[PDB]
Undergrad: 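One structure, pasted below without further comment.
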Amino acid sequence: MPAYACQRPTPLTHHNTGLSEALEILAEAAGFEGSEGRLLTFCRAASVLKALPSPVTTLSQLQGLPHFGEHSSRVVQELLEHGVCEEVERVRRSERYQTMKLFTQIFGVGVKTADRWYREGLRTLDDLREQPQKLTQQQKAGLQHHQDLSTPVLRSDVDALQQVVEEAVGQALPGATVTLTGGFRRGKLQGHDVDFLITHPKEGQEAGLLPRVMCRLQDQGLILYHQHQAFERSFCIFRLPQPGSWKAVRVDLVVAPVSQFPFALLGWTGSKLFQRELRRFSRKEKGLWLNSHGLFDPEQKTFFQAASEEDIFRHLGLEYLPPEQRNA
DNA sequence: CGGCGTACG
DNA sequence: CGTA
DNA sequence: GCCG
Ligand SMILES: Nc1ccn([C@@H]2O[C@H](COP(=O)(O)CP(=O)(O)OP(=O)(O)O)[C@@H](O)[C@H]2O)c(=O)n1
Ligand SMILES: [Cl-]
Ligand SMILES: [Cl-]
Ligand SMILES: [Cl-]
Ligand SMILES: [Cl-]
Ligand SMILES: [Mg+2]
Ligand SMILES: [Mg+2]
Ligand code: NA
C-alpha cells in the first residue's frame with residue numbers, strides 16, 4: 001500500500017465503508033477545531049481503507065498500512081470489537097460538532113465564521129436569520145436557499161443543466177465547450193453541486209468569457225445568486241426545473257485556456273484529497289509544483305506542456321488513474 | 001522535529 | 001474572509 | 001496524527 005493516495009486506485013464504493021465513515025467524522029471534527037494536520041491524517045487513513053481490496057476484519061490487517069498509528073488503529077479496533085467507537089459517538093452527539101457542521105454547511109460560511117458565531121452563543125439557522133445584519137449577501141443567499149442546497153443533485157439532473165449552460169456558452173463564444181468535472185466525472189450518482197469546466201479550442205479566445213456567460217444565464221432567469229449579478233471562476237445558485245416547480249442547486253463554472261485544460265480537468269475532477277495528495281507528491285517526491293494551471297520545474301523555470309491527463313501522470317512517474325479511481 | 005495543496009472571488 |  |  002503506497003503512502004500517497006495518488007499512487008493507488010480508489011473506487012467510489014469499497015469494502016470498508018463504516019470504518020472510513022468513522023475516521024472521516026474525526027477528520028471533520030479536527031477541521032472544526034483548526035487542527036489541519038490531524039484532519040489530514042484521519043482523511044488519509046480513511047482513504048487507505050477505501051483502497052483495500054476486501055474488508056478489514058482483524059486489527060492485524062492494519063499492520064504496515066500507512067497512516068495507521070495508535071489513534072486510528074484504536075478507532076478501528078473498537079469498531080471491530082463493539083460496532084461503535086466511543087470517541088466517534090461522543091463527537092457525533094456533541095453540541096460543538098453538530099453546530100459547526102450545520103453552520104459550515106451554509107454557502108458563504110467557513111470554519112472561522114462558524115466558530116465565531118458558536119462562541120457568540122448561536123446554535124440554529126433561525127438564530128442566524130434573526131440577526132441578518134451580521135450576514136454577507138453571499139451568506140444571506142446560502143441561508144435562504146439552505147434547504148434546497150441540502151438535497152442531493154441527481155446525476156439524472158445534470159444533462160439537462162449542462163445543455164442550458166452550453167446554450168449560453170455557445171452564444172457567448174461559438175465553439176466554446178463545457179465539460180462535466182467534479183464528483184459526477186468520478187462516477188458519483190448524487191452530488192452537492194455540479195462543476196463545469198469551459199474552454200475554447202483556439203488559445204486566447206476564452207479571455208473574458210465567463211462574464212459573458214454569466215450575463216446570458218442571468219438574462220435567461222436561471223441565476224438565483226452569483227457574485228457579479230474580470231473573473232474566471234463563478235460559484236452560483238441555479239434554478240433547476242422540477243415537476244410543477246423548481247429547486248435551487250449550486251453550480252460552479254471555471255474557464256481555462258485550452259493550453260491549461262488538462263491541468264484544469266485534473267484539478268477540478270478531484271477528489272479534493274486526491275488533488276492535495278497529488279500536489280504534495282509532485283512537490284515532495286518529484287520537485288515539481290502542480291496547480292490547476294500547470295506543472296512547474298523550479299530548477300529549469302519551465303512549464304510542462306501537457307496534452308492530456310495521461311501526460312500529467314506520466315510526467316509525474318505515476319500510473320494513470322481514470323477519474324473513477326480518484327475517489328480518495 | 002517540520003510538514004501538511006494551491007489556487008481564485 | 002469566502003470559494004473550488 | 002502520522003511520516004520521513
Ligand atoms: N478544497 C478543494 C475543493 C475542491 N477541489 C476540487 O474541486 C472539485 C470540485 O469540488 P466540490 O467542492 O464541488 C466537491 P465534489 O468532489 O465535486 O463532490 P460534491 O460536489 O458532490 O460534494 C474537486 O473534485 C477537486 O477537484 C479542490 O481541489 N480543493
Ligand atoms: Cl493538527
Ligand atoms: Cl421555473
Ligand atoms: Cl485530458
Ligand atoms: Cl489551482
Ligand atoms: Mg462538486
Ligand atoms: Mg463545486
Ligand atoms: Na460553507
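Sequence lines set the chain letters: A, B, ... in the order given, protein chains first and strands last, and positions in each chain run from 1.
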Undergrad: What pairs of residues pass the salt bridge (charged side-chain N to carboxylate O under 4.0 Å, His left out) test when at least one of them lies in residues 171-182 of chain A, not counting sequence neighbours?
TA: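 For residues 171-182 of chain A, and leaving out neighbouring residues, there are no salt bridge (charged side-chain N to carboxylate O under 4.0 Å, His left out) pairs at all.
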
Undergrad: Name each donor-acceptor pair under 3.5 Å that joins a side chain in residues 147-154 of chain A to protein atoms two or more places apart or in another chain, with its distance.
TA:
from	atom 1	to	atom 2	distance (Å)
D148(A)	OD2	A248(A)	N	2.8
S150(A)	OG	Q147(A)	O	2.8
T151(A)	OG1	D148(A)	O	2.9

Undergrad: Counting heavy atoms from C-beta on, name the nucleotide in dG1(D), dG4(D), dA4(C) closest to the side chain of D193(A).
TA: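 For the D193(A) side chain, the nearest candidate turns out to be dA4(C).
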
Undergrad: If you check every side-chain atom of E232(A), which of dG1(D), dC8(B), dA4(C) has the closest atom?
TA: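 When the side chain of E232(A) is considered, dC8(B) is the closest of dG1(D), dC8(B), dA4(C).
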
Undergrad: For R250(A) and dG9(B), what is the distance between atoms CZ and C1' respectively, to the nearest whole Å?
TA: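 Rounded to whole Å, this separation is 12 Å.
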
Undergrad: Write down the distance between CG (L278(A)) and P (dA7(B)), rounded to a whole number of angstrom.
TA: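 Atom CG in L278(A) sits about 14 Å away from atom P in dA7(B).
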
Undergrad: Checking contacts here: which listed nucleotide (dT6(B), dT3(C), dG1(D)) is nearest the side-chain heavy atoms of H71(A)?
TA: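 Between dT6(B), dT3(C), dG1(D), the one nearest the side chain of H71(A) would be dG1(D).
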
Undergrad: Can you find a side chain N or O atom of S35(A) that sits less than 4.0 Å from OP1 or OP2 on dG1(D)?
TA: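 Answer is no, no contact under 4.0 Å.
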
Undergrad: What contact category does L290(A) fall into here, base, sugar-phosphate, or nothing, at under 4.0 angstrom with non-hydrogen atoms?
TA: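 Sugar-phosphate: the residue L290(A), judged by heavy atoms under 4.0 Å, touches backbone atoms but no base.
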
Undergrad: For the side chain of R283(A), starting at C-beta, report the closest nucleotide among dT6(B), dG9(B), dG1(D).
TA: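 From the listed options, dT6(B) comes nearest.
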
Undergrad: Quick one: side-chain contact (heavy atoms from CB on, under 4.5 Å) partners of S271(A), sequence neighbours excluded?
TA: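 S271(A) satisfies side-chain contact (heavy atoms from CB on, under 4.5 Å) with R186(A), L273(A), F274(A), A328(A) only.
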
Undergrad: Which nucleotide wins on minimum distance to the side chain of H293(A), given the candidates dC4(B), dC1(C), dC8(B)?
TA: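 Shortest atom-to-atom distance from the side chain points to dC8(B).
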
Undergrad: Compare the minimum distances between each of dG9(B), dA7(B), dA4(C) and the side chain of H228(A), then state the nucleotide with the smallest one.
TA: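 From the listed options, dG9(B) comes nearest.
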
Undergrad: On a whole-Å scale, what distance lies between the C1' atoms belonging to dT3(C) and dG5(B)?
TA: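 Per the computed distance, 15 Å lies between those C1' atoms.
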
Undergrad: So does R38(A) get a side-chain nitrogen or oxygen closer than 4.0 Å to the phosphate oxygens (OP1/OP2) of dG1(D)?
TA: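 For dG1(D), OP1/OP2 do have a side-chain N/O of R38(A) under 4.0 Å.
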
Undergrad: Starting from P on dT3(C), measure out to NZ on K272(A) and report it in whole angstrom.
TA: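 These atoms are roughly 10 Å apart.
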
Undergrad: Please report the distance, rounded to the nearest Å, between CD in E33(A) and P in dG1(D).
TA: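 Nearest whole value for this atom pair: 13 Å.
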
Undergrad: Taking only residues two or more places apart in sequence, or in another chain, which ones meet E309(A) in a salt bridge (charged side-chain N to carboxylate O under 4.0 Å, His left out)?
TA: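 Expected list: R185(A), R326(A).
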
Undergrad: Tabulate protein N/O versus nucleotide N/O from nucleotides 1-3 of chain B, keeping only pairs under 3.5 Å, one per line.
TA:
from	atom 1	to	atom 2	distance (Å)
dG3(B)	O3'	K284(A)	NZ	3.3

Undergrad: From CH2 of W268(A) over to P of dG5(B), roughly how many Å is that when rounded to an integer?
TA: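 Spelled out: CH2 on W268(A) to P on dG5(B) is 18 Å.
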
Undergrad: In whole Å, what is the span from the CG atom of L197(A) to the P atom of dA7(B)?
TA: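 Answer to the nearest Å: 18 Å.
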
Undergrad: In whole angstroms, how far is the P atom of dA4(C) from the CD1 atom of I198(A)?
TA: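 Taking CD1 of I198(A) and P of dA4(C), I get 16 Å after rounding.
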
Undergrad: Counting only side-chain nitrogens and oxygens, does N291(A) get under 4.0 Å of the OP1 or OP2 atom of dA7(B)?
TA: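 Looking at the OP1 and OP2 atoms of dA7(B), one of them is under 4.0 Å from a side-chain N or O of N291(A).
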
Undergrad: Is the count of non-hydrogen atoms from other residues, nucleotides or ligands lying under 6.0 Å from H192(A) atom NE2 greater than 12?
TA: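 No, not enclosed.
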
Undergrad: Remember a base hit wins even if backbone is also touched, and classify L253(A) as base, sugar-phosphate or nothing at under 4.0 Å, heavy atoms.
TA: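 Counting heavy atoms under 4.0 Å across all strands, no contact is made by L253(A).
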
Undergrad: If you check the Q275(A) side chain, which of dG2(C), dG9(B), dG5(B) turns out closest?
TA: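 Output: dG5(B).
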
Undergrad: Enumerate the side-chain hydrogen bond (donor to acceptor under 3.5 Å, both in side chains) contacts for residues 242-251 of chain A, please, sequence neighbours excluded, ordered by first and then second residue.
TA: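 Qualifying pairs: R250(A)-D252(A).
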
Undergrad: Which whole-number value in Å describes the distance from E87(A) CD to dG1(D) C1'?
TA: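 To the nearest whole Å, that distance equals 11 Å.
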
Undergrad: Checking contacts here: which listed nucleotide (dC4(B), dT3(C), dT6(B)) is nearest the side-chain heavy atoms of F235(A)?
TA: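 Of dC4(B), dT3(C), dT6(B), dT3(C) is nearest to the side chain of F235(A).
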
Undergrad: Taking the ring centre of each residue, are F303(A) and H293(A) less than 6.0 Å apart?
TA: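 That pair fails the under 6.0 Å test.
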
Undergrad: Kindly indicate whether a cation-pi arrangement holds for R96(A) with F32(A), taking the cut-offs as under 6.0 Å to the six-membered ring centre and within 45° of the axis.
TA: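 Pair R96(A)/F32(A) does not count as cation-pi.
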
Undergrad: Within the structure, does a side-chain N or O atom of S292(A) lie under 4.0 Å from either OP1 or OP2 of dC8(B)?
TA: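 No, no such contact exists.
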
Undergrad: Could a donor-acceptor pair under 3.5 angstrom be found where the side chain of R279(A) meets the base of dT6(B)?
TA: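 Looking at the base of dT6(B), it does pair with a donor or acceptor on the side chain of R279(A) (distance under 3.5 Å).
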
